[PDB]
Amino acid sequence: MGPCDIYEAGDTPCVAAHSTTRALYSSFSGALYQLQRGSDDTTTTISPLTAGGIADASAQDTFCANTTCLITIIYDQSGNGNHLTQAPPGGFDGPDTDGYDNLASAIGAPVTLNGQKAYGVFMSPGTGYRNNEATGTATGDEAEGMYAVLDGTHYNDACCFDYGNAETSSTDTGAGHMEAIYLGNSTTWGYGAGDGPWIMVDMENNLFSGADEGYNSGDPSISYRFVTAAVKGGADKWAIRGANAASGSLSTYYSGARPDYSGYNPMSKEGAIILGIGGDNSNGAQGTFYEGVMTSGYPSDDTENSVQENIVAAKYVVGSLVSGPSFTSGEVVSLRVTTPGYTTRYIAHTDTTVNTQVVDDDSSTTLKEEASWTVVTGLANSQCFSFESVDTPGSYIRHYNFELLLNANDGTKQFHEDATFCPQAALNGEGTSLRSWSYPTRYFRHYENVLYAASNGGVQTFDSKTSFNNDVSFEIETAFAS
C-alpha cells in the first residue's frame, strides 16, 4: 500500500497526489513528472521503475546529459488531472517571462529511497507550481487533509513556501480563502517556538502556528533533513502534525477550533493547488518538495500514522550533490576558461567584481592571488564548496542579484547560501561546472568576461543560451599563487 492506498482505506481518498520521487499508489505506473532540457527545449517524462515503485532517475540522467534540465510538470497520480505546472503571475509577478514563476531545476534535490536514486523538487526564491482548475479538491468549508515530505533545512522567512488549497485567481481574496501547509521561519504572521522553521497552516492573510494570530508556543521548530508535514481542516477544526520523515511518529502541534477571527469559520476554500508560493503568488520563499497529496474528508490520526509509517518505510536518504573532478577542503586552485577564444583567461577578480582575466607566469603576485582560490567545505552544505580569495582571506565568491561578487563572510545564512556551489562534471566535458546550491538552475558562467550565476536561458542578458555549456565549464589547475 502507498500513502493514497492508506488514505483511501480510511475513507478520505487522495484527490491530488504529487511526487517526483515515487508512485503514491501501489498500482501507479504512469508519468510522475515531465522534463525539459535547455539543449533543444525538447521534453520527456519520468515514470516509476515498476508499478508503485521509485522514479527512473537514470532515464533523467540520460536525457539531461551535457545540458540543463527543468521540471515542467509534476503529474497528479490520482487520475483527477490536477497536474502542477509553471505558476502564473497573480497579486505578485514571478521573476520569469510575463510574470510567471521559475520552474525548478531537475537536479537540486537528489536522494535515494531505500537505496534507489531519485530527484526531489528543489525550489529557490521565485520558483513555483500551480493548478488553478483542479477537480475534487475541497471548496467552501469542506474538510480535507494533506501532507508533504519536505526538507527541514531548506527554507527561509519570505512568503511563502506552501503546498495546499488556494485561490483559483492567484490573488488574495481574503481570510479563509486558503488552507495549505507552510514550512519556513516567517514571523510576519504566526510563528512557533525557537528559531524555526515551523510547520504552519496558511489560511490566507495569516500563517497559523496555533489558535492565536502570531506567536503560539505549541508549535515547535522542526528542522529534520526530511520532514513529514501533515495538515487537515474541517468544520471549525484543523490540526498540524509533524515528524521526521525518516523515523518515528507524527506529533500533534495543534488540534482544535479555527482561529477566532473573522473569515476563518466557516472557511471559503477555492480548490486551487499551489506549491512553493503564496496564494497571491508571493514568490520569495524557498524549500524542497519530495512528495505530497491532498484529500477529500478529514483524515483520522490513525490514517495519518499509517501514512507516516509508509513514508518512513520509503527510507529517504540524502543523495550526492557532486559529480566530476571536485575538490578537497584547503586545496588552492585556479579555474581556467574553456570557451574557445578565451582559453587563456582565468576566474579572478578586481575588488568585489568576479571576472575572467588573462593570467600567466608574468602576472603580478597580486593578480596571481586574485586568480587563486582556497576551496573550503561548502558554507551552507558540507557536500559542496565555497571559494575563498587568496589575496583577500575571509571573503568568498557569492552571487548577489545573480552576479558573482567577492564579499566578506558575514556569518549569515543568506551569505552562506549565496556562497555555496556544487561541482558537476563539466557540461562541455572539460573540467567542472560549479552549480549554485541555493539556485540549482544557475551555474558559474562568464559573460563578456564577467562572472554570473547564470541559467541556460532566462530573463537576464547573461543567461544567454549562446555558448552556455562552454561558458560554464572550467578546468581545475594548480593555483597561480602556488
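Numbers follow the displayed sequence, beginning with 1.
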Give the stretch, out of 191 to 199 and 148 to 156, with the larger mean C-alpha temperature factor in the deposited entry. 191 to 199
Mind pulling up the entry and telling me whether 319 to 327 or 231 to 239 has the higher mean Cα temperature factor? 319 to 327
For the listed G411, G279, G248, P110, which has the peak Cα B-factor recorded in the PDB entry? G411
The largest CA temperature factor among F415, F63, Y452, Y439 is found at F63
Against its chain's modelled residues, does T12's Cα B factor rank lowest, middle or highest third? lowest
How does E388 rank on Cα B-factor within its chain, lowest, middle or highest third? middle
Looking at the entry's B-factor column for C-alpha atoms only, identify whether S300 ranks in the lowest, middle or highest third of its chain. lowest
If you rank the chain by CA B-factor, which third does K465 end up in: lowest, middle or highest? highest
Record-listed C-alpha B factor of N185: chain third: lowest
